[PDB]
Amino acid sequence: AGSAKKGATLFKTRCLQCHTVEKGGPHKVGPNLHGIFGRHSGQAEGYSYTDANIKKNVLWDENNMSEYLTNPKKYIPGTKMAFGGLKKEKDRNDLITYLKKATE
């Protein structure tokens, strides 16, 4: 079982620079992530995505989010998300446990 509290710290240190999670939170370098799970990639209104992210056209879930976060440019070549990857499966599980609740 992932640990959301550890996930929240991982989000703060690794993601928060570029992303907010709450409903009505602002777009920053990256898009606000409210409602990300169960939505197709590249669909947050008011954000200018790469065609790479739009045409990947993946329905985000816990599993493909983990694949993506391992290595974003591998999963979506051409993406403008400048993030190398979360190496540790436990860190991905914790982060995603947090993100599923925080973006709900």
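Throughout, we count residues from 1 along the sequence that is shown.
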item: Residue with highest C-alpha B-factor in the PDB entry, from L86, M81, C15, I96; value: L86
item: Assigned third (lowest, middle, highest) for the C-alpha B factor of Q43; value: highest
item: Relative C-alpha B-factor of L69, binned into the chain's lowest, middle or highest third; value: lowest
item: Third of chain Cα B-factors occupied by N63; value: middle
